[PDB]
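First the structure, in the form of C-alpha coordinates, and then the observations on it.
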Amino acid sequence: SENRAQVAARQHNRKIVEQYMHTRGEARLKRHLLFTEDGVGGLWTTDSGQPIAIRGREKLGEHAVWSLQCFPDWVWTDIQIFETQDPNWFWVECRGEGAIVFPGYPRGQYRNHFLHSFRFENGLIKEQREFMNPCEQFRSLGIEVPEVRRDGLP
Amino acid sequence: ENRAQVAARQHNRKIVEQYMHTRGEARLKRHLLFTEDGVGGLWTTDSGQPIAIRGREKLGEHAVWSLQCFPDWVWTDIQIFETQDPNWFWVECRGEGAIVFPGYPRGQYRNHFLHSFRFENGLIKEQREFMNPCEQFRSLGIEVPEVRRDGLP
Ligand SMILES: CC(C)CNc1ccccc1C(=O)c1c(-c2ccc(O)cc2)sc2cc(O)ccc12
Ligand SMILES: CC(C)CNc1ccccc1C(=O)c1c(-c2ccc(O)cc2)sc2cc(O)ccc12
(Lines give C-alpha, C1' and ligand atoms only; values in the text may rest on other atoms or scores of the structure.)
(Ligands and ions follow the chains in the order given, each with its own letter.)
Protein backbone atom coordinates (compact mmCIF):
# COMPACT_ATOMS: atom_id res chain seq x y z
CA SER A 1 0.00 0.00 0.00
CA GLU A 2 2.29 2.74 -1.29
CA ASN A 3 -0.51 5.32 -1.35
CA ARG A 4 -1.65 4.42 2.17
CA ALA A 5 1.91 4.83 3.45
CA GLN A 6 2.28 8.19 1.73
CA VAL A 7 -1.04 9.44 3.09
CA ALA A 8 -0.10 8.40 6.64
CA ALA A 9 3.27 10.10 6.39
CA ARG A 10 1.78 13.32 5.08
CA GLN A 11 -0.87 13.53 7.81
CA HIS A 12 1.65 12.94 10.59
CA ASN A 13 4.22 15.30 9.10
CA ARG A 14 1.58 18.04 8.79
CA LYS A 15 0.96 17.78 12.52
CA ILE A 16 4.68 18.26 13.19
CA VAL A 17 4.76 21.35 10.93
CA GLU A 18 1.76 22.75 12.79
CA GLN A 19 3.46 22.10 16.13
CA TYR A 20 6.69 23.74 14.98
CA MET A 21 4.94 26.84 13.71
CA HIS A 22 2.94 27.20 16.94
CA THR A 23 5.91 26.68 19.28
CA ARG A 24 6.24 29.80 21.41
CA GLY A 25 7.72 30.93 24.68
CA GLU A 26 9.46 28.38 26.87
CA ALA A 27 8.33 25.55 24.57
CA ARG A 28 10.94 26.84 22.12
CA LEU A 29 13.52 25.18 24.40
CA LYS A 30 12.18 21.77 23.25
CA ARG A 31 11.48 22.50 19.57
CA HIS A 32 14.66 20.63 18.60
CA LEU A 33 12.91 17.39 19.62
CA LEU A 34 10.85 17.74 16.42
CA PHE A 35 14.07 17.04 14.44
CA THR A 36 16.03 13.89 13.71
CA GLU A 37 19.28 13.66 15.67
CA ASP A 38 21.23 14.90 12.63
CA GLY A 39 18.52 17.35 11.58
CA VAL A 40 19.44 20.79 10.29
CA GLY A 41 17.60 24.08 10.68
CA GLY A 42 18.36 27.70 10.00
CA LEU A 43 18.23 30.85 7.91
CA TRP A 44 18.94 30.58 4.19
CA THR A 45 18.80 34.33 3.37
CA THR A 46 21.48 36.43 5.10
CA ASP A 47 23.59 39.51 4.50
CA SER A 48 26.65 37.45 3.62
CA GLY A 49 24.85 35.27 1.08
CA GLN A 50 25.60 32.00 2.91
CA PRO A 51 23.02 30.14 5.01
CA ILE A 52 23.28 30.03 8.78
CA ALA A 53 22.75 26.30 9.23
CA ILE A 54 22.38 24.89 12.73
CA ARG A 55 23.48 21.26 12.46
CA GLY A 56 22.19 18.52 14.71
CA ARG A 57 19.61 18.28 17.44
CA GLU A 58 22.11 19.31 20.15
CA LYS A 59 23.14 22.53 18.40
CA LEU A 60 19.48 23.28 17.63
CA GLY A 61 18.72 23.06 21.36
CA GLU A 62 21.56 25.49 22.11
CA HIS A 63 20.27 27.93 19.46
CA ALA A 64 16.93 27.98 21.25
CA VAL A 65 18.58 29.37 24.39
CA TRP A 66 20.01 32.22 22.34
CA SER A 67 16.74 32.85 20.50
CA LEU A 68 14.77 33.13 23.72
CA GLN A 69 17.11 35.90 24.80
CA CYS A 70 17.38 37.71 21.47
CA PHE A 71 13.78 37.20 20.31
CA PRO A 72 11.97 36.88 23.65
CA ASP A 73 8.35 37.13 22.42
CA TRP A 74 8.68 35.89 18.82
CA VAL A 75 5.56 34.61 17.12
CA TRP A 76 4.75 33.26 13.69
CA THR A 77 1.44 34.61 12.36
CA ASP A 78 -0.68 34.31 9.18
CA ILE A 79 0.43 30.69 8.96
CA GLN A 80 -0.44 28.88 5.72
CA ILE A 81 0.81 25.30 5.44
CA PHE A 82 1.28 23.72 2.00
CA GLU A 83 1.45 19.99 1.60
CA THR A 84 3.13 18.84 -1.62
CA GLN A 85 3.25 15.78 -3.87
CA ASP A 86 6.16 14.63 -1.68
CA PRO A 87 4.59 13.49 1.62
CA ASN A 88 7.90 14.38 3.31
CA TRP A 89 8.14 17.98 1.99
CA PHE A 90 6.05 20.95 3.14
CA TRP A 91 6.23 24.68 2.60
CA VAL A 92 4.87 27.36 4.91
CA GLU A 93 4.10 30.98 4.13
CA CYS A 94 3.74 33.20 7.20
CA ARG A 95 4.81 36.37 8.92
CA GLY A 96 6.85 36.68 12.08
CA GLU A 97 7.21 39.40 14.64
CA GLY A 98 8.66 40.29 17.98
CA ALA A 99 11.15 42.32 19.89
CA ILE A 100 14.73 42.04 18.58
CA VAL A 101 17.47 42.19 21.24
CA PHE A 102 20.53 41.54 19.15
CA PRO A 103 23.94 41.82 20.82
CA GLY A 104 25.44 45.27 20.28
CA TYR A 105 22.41 46.83 18.57
CA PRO A 106 19.60 48.93 20.03
CA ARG A 107 16.56 47.00 21.17
CA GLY A 108 13.91 47.18 18.51
CA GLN A 109 10.92 45.53 16.90
CA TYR A 110 11.30 43.14 13.96
CA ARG A 111 8.50 42.15 11.57
CA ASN A 112 8.98 40.19 8.36
CA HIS A 113 7.44 37.86 5.81
CA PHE A 114 8.83 34.32 5.76
CA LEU A 115 8.76 31.15 3.75
CA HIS A 116 9.76 27.90 5.42
CA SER A 117 10.72 24.57 3.90
CA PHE A 118 10.33 21.38 5.96
CA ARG A 119 11.71 18.03 4.81
CA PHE A 120 11.00 14.92 6.92
CA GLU A 121 12.58 11.55 7.57
CA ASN A 122 10.91 8.83 9.67
CA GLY A 123 8.38 11.18 11.23
CA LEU A 124 10.69 14.05 12.25
CA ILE A 125 12.21 17.10 10.58
CA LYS A 126 15.44 16.36 8.69
CA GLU A 127 15.82 19.85 7.23
CA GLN A 128 14.12 23.14 8.07
CA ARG A 129 15.02 26.26 6.08
CA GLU A 130 13.66 29.77 6.38
CA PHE A 131 13.74 32.48 3.71
CA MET A 132 13.08 36.19 4.19
CA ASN A 133 14.15 39.63 2.96
CA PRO A 134 17.17 40.59 5.14
CA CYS A 135 16.56 44.27 4.42
CA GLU A 136 13.71 44.23 6.93
CA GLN A 137 16.01 42.79 9.61
CA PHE A 138 18.55 45.51 8.77
CA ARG A 139 15.84 48.11 9.35
CA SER A 140 14.91 46.56 12.71
CA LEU A 141 18.56 46.86 13.80
CA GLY A 142 18.94 50.46 12.62
CA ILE A 143 21.28 49.41 9.79
CA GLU A 144 21.00 51.55 6.68
CA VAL A 145 19.55 49.69 3.71
CA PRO A 146 21.10 50.32 0.28
CA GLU A 147 18.74 52.02 -2.19
CA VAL A 148 18.70 50.85 -5.79
CA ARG A 149 18.35 53.87 -8.08
CA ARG A 150 15.14 53.46 -10.11
CA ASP A 151 15.20 56.61 -12.25
CA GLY A 152 16.04 54.69 -15.37
CA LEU A 153 13.31 52.09 -14.86
CA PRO A 154 9.63 52.19 -15.89
CA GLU B 1 -15.25 17.38 -6.93
CA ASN B 2 -12.05 15.31 -6.87
CA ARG B 3 -12.11 14.93 -10.65
CA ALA B 4 -12.42 18.70 -11.10
CA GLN B 5 -9.55 19.28 -8.67
CA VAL B 6 -7.32 16.73 -10.40
CA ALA B 7 -8.05 18.24 -13.84
CA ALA B 8 -7.21 21.73 -12.59
CA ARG B 9 -3.95 20.66 -10.95
CA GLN B 10 -2.63 18.82 -14.02
CA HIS B 11 -3.42 21.71 -16.37
CA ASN B 12 -2.03 24.32 -13.98
CA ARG B 13 1.20 22.35 -13.53
CA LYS B 14 1.79 22.54 -17.29
CA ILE B 15 1.39 26.32 -17.18
CA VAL B 16 3.92 26.58 -14.31
CA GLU B 17 6.35 24.43 -16.28
CA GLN B 18 5.86 26.60 -19.36
CA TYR B 19 6.38 29.79 -17.35
CA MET B 20 9.58 28.53 -15.71
CA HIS B 21 11.04 27.41 -19.05
CA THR B 22 10.20 30.66 -20.89
CA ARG B 23 13.29 32.44 -22.09
CA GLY B 24 14.58 34.59 -24.90
CA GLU B 25 12.06 36.16 -27.24
CA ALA B 26 9.30 33.92 -25.85
CA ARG B 27 9.37 36.17 -22.79
CA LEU B 28 7.49 38.75 -24.87
CA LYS B 29 4.42 36.45 -24.75
CA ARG B 30 4.67 35.10 -21.19
CA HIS B 31 1.91 37.51 -20.11
CA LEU B 32 -0.56 35.37 -22.10
CA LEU B 33 -0.26 32.80 -19.31
CA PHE B 34 -2.11 35.26 -17.00
CA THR B 35 -5.72 36.27 -16.54
CA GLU B 36 -6.56 39.72 -17.90
CA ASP B 37 -6.32 41.11 -14.34
CA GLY B 38 -3.44 38.87 -13.30
CA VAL B 39 -0.57 40.22 -11.21
CA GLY B 40 3.10 39.31 -11.25
CA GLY B 41 6.24 40.69 -9.70
CA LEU B 42 8.95 40.78 -7.07
CA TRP B 43 7.93 40.58 -3.42
CA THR B 44 11.39 41.10 -1.86
CA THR B 45 13.01 44.47 -2.58
CA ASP B 46 15.27 47.04 -0.95
CA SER B 47 12.38 49.30 -0.05
CA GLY B 48 10.37 46.54 1.59
CA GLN B 49 7.36 46.97 -0.73
CA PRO B 50 6.61 44.54 -3.58
CA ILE B 51 7.02 45.61 -7.18
CA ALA B 52 3.68 44.34 -8.47
CA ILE B 53 2.91 44.49 -12.17
CA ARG B 54 -0.86 44.66 -12.46
CA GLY B 55 -2.76 43.33 -15.42
CA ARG B 56 -1.90 41.34 -18.50
CA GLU B 57 -1.21 44.52 -20.51
CA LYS B 58 1.30 45.91 -17.99
CA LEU B 59 2.91 42.46 -17.73
CA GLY B 60 3.47 42.49 -21.48
CA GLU B 61 5.10 45.92 -21.21
CA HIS B 62 7.35 44.74 -18.37
CA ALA B 63 8.65 41.97 -20.60
CA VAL B 64 10.07 44.56 -22.99
CA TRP B 65 12.02 46.15 -20.14
CA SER B 66 13.05 42.75 -18.81
CA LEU B 67 14.58 41.74 -22.14
CA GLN B 68 16.66 44.92 -22.04
CA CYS B 69 17.82 44.73 -18.42
CA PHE B 70 18.04 40.90 -18.13
CA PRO B 71 18.76 39.99 -21.76
CA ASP B 72 19.70 36.32 -21.23
CA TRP B 73 17.89 35.37 -18.00
CA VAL B 74 17.39 31.65 -17.33
CA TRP B 75 15.67 29.83 -14.47
CA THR B 76 17.64 26.70 -13.48
CA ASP B 77 17.33 23.88 -10.89
CA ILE B 78 13.55 24.07 -11.16
CA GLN B 79 11.54 22.14 -8.55
CA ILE B 80 7.76 22.43 -8.87
CA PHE B 81 5.58 21.77 -5.81
CA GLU B 82 1.92 21.02 -6.21
CA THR B 83 -0.16 21.65 -3.08
CA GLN B 84 -3.47 20.59 -1.56
CA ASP B 85 -4.95 23.60 -3.39
CA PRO B 86 -5.09 22.58 -7.07
CA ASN B 87 -4.83 26.30 -7.94
CA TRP B 88 -1.69 27.02 -5.87
CA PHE B 89 1.87 25.96 -6.73
CA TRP B 90 5.30 26.84 -5.34
CA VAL B 91 8.59 26.63 -7.19
CA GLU B 92 12.12 26.51 -5.80
CA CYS B 93 14.79 27.38 -8.36
CA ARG B 94 17.81 29.46 -9.19
CA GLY B 95 18.16 32.16 -11.81
CA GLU B 96 21.08 33.65 -13.67
CA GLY B 97 21.95 36.16 -16.36
CA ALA B 98 23.55 39.44 -17.18
CA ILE B 99 22.13 42.41 -15.30
CA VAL B 100 22.07 45.63 -17.31
CA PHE B 101 20.42 48.13 -14.98
CA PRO B 102 20.25 51.77 -16.00
CA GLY B 103 23.10 53.74 -14.50
CA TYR B 104 24.94 50.74 -13.05
CA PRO B 105 27.89 48.80 -14.48
CA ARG B 106 26.91 45.71 -16.42
CA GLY B 107 27.18 42.69 -14.16
CA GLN B 108 26.31 39.04 -13.79
CA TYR B 109 23.47 38.19 -11.42
CA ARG B 110 22.85 34.81 -9.82
CA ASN B 111 20.34 34.11 -7.09
CA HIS B 112 18.10 31.56 -5.42
CA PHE B 113 14.36 32.09 -5.85
CA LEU B 114 10.99 30.91 -4.61
CA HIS B 115 7.92 31.53 -6.72
CA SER B 116 4.24 31.37 -5.83
CA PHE B 117 1.65 30.74 -8.56
CA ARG B 118 -2.09 31.05 -7.93
CA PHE B 119 -4.52 30.18 -10.73
CA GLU B 120 -8.04 31.09 -11.79
CA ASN B 121 -9.88 29.36 -14.66
CA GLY B 122 -6.78 27.86 -16.19
CA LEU B 123 -4.47 30.89 -16.07
CA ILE B 124 -2.19 32.62 -13.57
CA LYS B 125 -4.04 35.09 -11.32
CA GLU B 126 -1.01 35.92 -9.12
CA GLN B 127 2.69 35.20 -9.56
CA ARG B 128 5.12 36.31 -6.86
CA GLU B 129 8.85 35.82 -6.61
CA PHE B 130 10.97 35.93 -3.47
CA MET B 131 14.77 36.22 -3.21
CA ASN B 132 17.54 37.71 -1.10
CA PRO B 133 18.07 41.26 -2.47
CA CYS B 134 21.61 41.33 -1.09
CA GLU B 135 22.74 39.16 -4.02
CA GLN B 136 21.24 41.63 -6.48
CA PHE B 137 23.01 44.46 -4.65
CA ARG B 138 26.29 42.57 -5.11
CA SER B 139 25.64 42.10 -8.81
CA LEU B 140 25.16 45.89 -9.14
CA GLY B 141 28.30 46.82 -7.17
CA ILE B 142 26.20 48.14 -4.26
CA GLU B 143 27.78 47.65 -0.83
CA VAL B 144 25.85 45.22 1.36
CA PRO B 145 25.76 46.05 5.09
CA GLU B 146 27.26 43.46 7.39
CA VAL B 147 25.46 42.49 10.57
CA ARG B 148 27.99 42.26 13.39
CA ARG B 149 28.03 38.67 14.66
CA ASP B 150 30.61 38.92 17.46
CA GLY B 151 28.01 38.67 20.20
CA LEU B 152 26.37 35.56 18.64
CA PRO B 153 27.31 31.87 19.04
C1 LIG C 1 13.57 34.16 15.36
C2 LIG C 1 14.47 34.46 14.15
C3 LIG C 1 14.23 35.88 13.65
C4 LIG C 1 15.95 34.23 14.47
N5 LIG C 1 16.86 34.56 13.37
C6 LIG C 1 17.92 33.63 12.94
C7 LIG C 1 17.55 32.29 12.87
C8 LIG C 1 18.46 31.32 12.48
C9 LIG C 1 19.75 31.70 12.16
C10 LIG C 1 20.14 33.03 12.21
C11 LIG C 1 19.24 34.03 12.60
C12 LIG C 1 19.76 35.48 12.62
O13 LIG C 1 19.10 36.38 13.03
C14 LIG C 1 21.16 35.91 12.14
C15 LIG C 1 22.41 35.55 12.65
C16 LIG C 1 22.73 34.68 13.70
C17 LIG C 1 23.95 34.06 13.60
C18 LIG C 1 24.40 33.19 14.58
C19 LIG C 1 23.60 32.94 15.67
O20 LIG C 1 24.06 32.06 16.66
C21 LIG C 1 22.36 33.55 15.81
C22 LIG C 1 21.91 34.42 14.80
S23 LIG C 1 23.62 36.42 11.72
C24 LIG C 1 22.48 37.23 10.67
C25 LIG C 1 22.62 38.12 9.61
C26 LIG C 1 21.49 38.61 8.95
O27 LIG C 1 21.64 39.51 7.89
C28 LIG C 1 20.22 38.22 9.35
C29 LIG C 1 20.07 37.34 10.40
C30 LIG C 1 21.22 36.84 11.08
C1 LIG D 1 14.58 38.66 -14.15
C2 LIG D 1 14.34 39.29 -12.78
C3 LIG D 1 15.64 39.31 -11.99
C4 LIG D 1 13.70 40.67 -12.94
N5 LIG D 1 13.68 41.48 -11.71
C6 LIG D 1 12.49 42.26 -11.30
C7 LIG D 1 11.26 41.67 -11.57
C8 LIG D 1 10.08 42.30 -11.23
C9 LIG D 1 10.13 43.54 -10.61
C10 LIG D 1 11.35 44.15 -10.31
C11 LIG D 1 12.54 43.53 -10.67
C12 LIG D 1 13.82 44.26 -10.28
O13 LIG D 1 14.89 43.78 -10.57
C14 LIG D 1 13.80 45.62 -9.51
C15 LIG D 1 13.25 46.86 -9.87
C16 LIG D 1 12.51 47.23 -11.00
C17 LIG D 1 11.58 48.23 -10.80
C18 LIG D 1 10.81 48.66 -11.85
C19 LIG D 1 10.96 48.10 -13.10
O20 LIG D 1 10.15 48.58 -14.12
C21 LIG D 1 11.89 47.10 -13.33
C22 LIG D 1 12.66 46.65 -12.25
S23 LIG D 1 13.63 48.00 -8.60
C24 LIG D 1 14.48 46.86 -7.59
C25 LIG D 1 15.12 46.97 -6.36
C26 LIG D 1 15.75 45.85 -5.80
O27 LIG D 1 16.38 45.98 -4.56
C28 LIG D 1 15.75 44.63 -6.46
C29 LIG D 1 15.12 44.53 -7.68
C30 LIG D 1 14.48 45.66 -8.27
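Hydrogens, waters and symmetry mates play no part in the numbers below; they use all other heavy atoms, side chains included. Within every chain, numbering begins at 1; the chains are lettered A, B, ... in the order of the sequence lines, protein sequences first and strands thereafter.
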* **Joint hydrophobic cluster, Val64(B) plus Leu67(B), side-chain heavy atoms closer than 4.5 Å** =>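 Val64(B) clusters together with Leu67(B).
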* Look at the side-chain heavy atoms of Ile, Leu, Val, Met, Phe, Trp and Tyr, link any pair under 4.5 Å apart, and say whether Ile54(A) and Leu124(A) land in one connected group. =>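 No, because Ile54(A) and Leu124(A) fall into different hydrophobic clusters, even though each may have its own neighbours under 4.5 Å.
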Does any part of the side chain of [Y], heavy atoms only, come nearer than 4.5 Å to the side chain of [X], both counted from C-beta?
X	Y	answer
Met131(B)	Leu42(B)	yes
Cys69(B)	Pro102(B)	yes
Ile99(B)	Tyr104(B)	no
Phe82(A)	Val92(A)	no
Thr36(A)	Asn122(A)	no
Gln85(A)	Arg13(B)	yes
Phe130(B)	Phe131(A)	no

* **Verdict with supporting geometry, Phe138(A) and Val147(B), side-chain contact (heavy atoms from CB on, under 4.5 Å)** => CA-CA 8 Å; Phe138(A) 300 159; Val147(B) 176; 3.8 Å; yes
* To do: Compute both the distance and the angle, then confirm whether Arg31(A) meets the cation-pi test with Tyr20(A): under 6.0 Å from the six-membered ring centre, within 45 degrees of the axis.
  =>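 The answer is yes, since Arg31(A) meets both limits relative to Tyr20(A).
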* Stepwise, does the side-chain contact (heavy atoms from CB on, under 4.5 Å) test hold for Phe89(B) with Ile15(B)? -> CA-CA 10 Å; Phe89(B) 291 68; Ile15(B) 299 294; over 6 Å; no
Nearest atoms (heavy-atom pairs only) where [X] meets [Y]:
X	Y	result
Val39(B)	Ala52(B)	CG1-CB, 4.0 Å
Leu29(A)	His32(A)	O-CE1, 3.1 Å
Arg138(B)	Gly49(A)	NH1-N, 4.1 Å
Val75(A)	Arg24(A)	CG1-NE, 3.5 Å
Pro134(A)	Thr45(A)	CG-O, 3.6 Å

* Output all residues satisfying ring pair (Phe, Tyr, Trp, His ring centres under 6.0 Å) with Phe114(A), sequence neighbours left out; order by chain, then residue number. =>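 Scan of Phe114(A) (ring pair (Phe, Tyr, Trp, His ring centres under 6.0 Å), adjacent residues dropped) gives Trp74(A), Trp76(A).
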* Structure fact -> Sequence neighbours excluded, the answer for ring pair (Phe, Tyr, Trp, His ring centres under 6.0 Å) partners of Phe101(B) is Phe70(B)
Rounded distance (nearest 0.5 Å) linking atom [atom1] of [X] with atom [atom2] of [Y]:
X	Y	atom1	atom2	answer
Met20(B)	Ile80(B)	CE	CD1	7.5 Å
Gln128(A)	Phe118(A)	CD	CZ	5.0 Å
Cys135(A)	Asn112(A)	SG	CG	9.5 Å
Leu114(B)	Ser117(A)	CG	OG	8.5 Å
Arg150(A)	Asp46(B)	CZ	CG	5.0 Å
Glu127(A)	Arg55(A)	CD	CZ	9.0 Å

* Should the heavy atoms of other residues, nucleotides or ligands under 6.0 Å from CD of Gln49(B) be counted, would the total exceed 12? ->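 Check fails, neighbour count at 12 or below.
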* Pairs where residues 86-111 of chain B contributes a residue and the test salt bridge (charged side-chain N to carboxylate O under 4.0 Å, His left out) is met, not counting sequence neighbours ->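 Residue pairs passing salt bridge (charged side-chain N to carboxylate O under 4.0 Å, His left out), neighbours aside: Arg129(A)-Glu92(B), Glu96(B)-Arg110(B).
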Any donor-acceptor pair under 3.5 Å linking the side chain of [X] with the backbone of [Y]?
X	Y	value
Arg149(A)	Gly103(B)	yes
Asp73(A)	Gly98(A)	no
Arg56(B)	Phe34(B)	yes
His11(B)	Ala7(B)	no
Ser66(B)	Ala63(B)	no

* Asked: Is there a side-chain contact (heavy atoms from CB on, under 4.5 Å) between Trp90(B) and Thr84(A) once you walk through the steps?
  -> CA-CA 9 Å; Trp90(B) 289 89; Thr84(A) 78; over 6 Å; no
* Any side-chain donor near an acceptor of the partner, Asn88(A) and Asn13(A), under 3.5 Å -> yes
* **Criterion side-chain contact (heavy atoms from CB on, under 4.5 Å) against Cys94(A), the qualifying member of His113(A), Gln80(A), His116(A)** =>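 Output: one option passes, namely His116(A).
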